[PDB]
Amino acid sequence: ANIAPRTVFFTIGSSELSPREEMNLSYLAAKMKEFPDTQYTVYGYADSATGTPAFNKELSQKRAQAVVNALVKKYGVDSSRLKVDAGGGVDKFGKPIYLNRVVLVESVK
């Protein structure tokens, strides 16, 4: 009953949620509200191919936090159910490098 990991993409150097991602996120929040006991990890990432490690660490943190903030503030999800994990700059998502500018929302087993 654990979600398919949710992908939220971002533009370069930005932690802002686009209209597409707000739409994406509203469906996930409805599922979260339907099963109020489920826990989630909100992994934030950035591409290590540009910017410094510390900038990419902060950016990944802010990306995860913006996803948390929309679920909590806009779609009414208990903040205690969401845990931020700042993954920093990575290449774990391959190329094009913007695929690493992403948040993954995953269920906690």
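For every residue, the number given is its place in the sequence shown, counted from 1.
Checked against the record, the higher mean CA B factor of 61 to 69 and 34 to 42 lies with 34 to 42. In the PDB entry, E21 places in the lowest third of its chain by CA B-factor. In the deposited entry, the Cα temperature factor of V77 places it in the highest third of its chain's modelled residues.
Among the modelled residues of its chain, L28 has a C-alpha B-factor that falls in the lowest third according to the deposited record.
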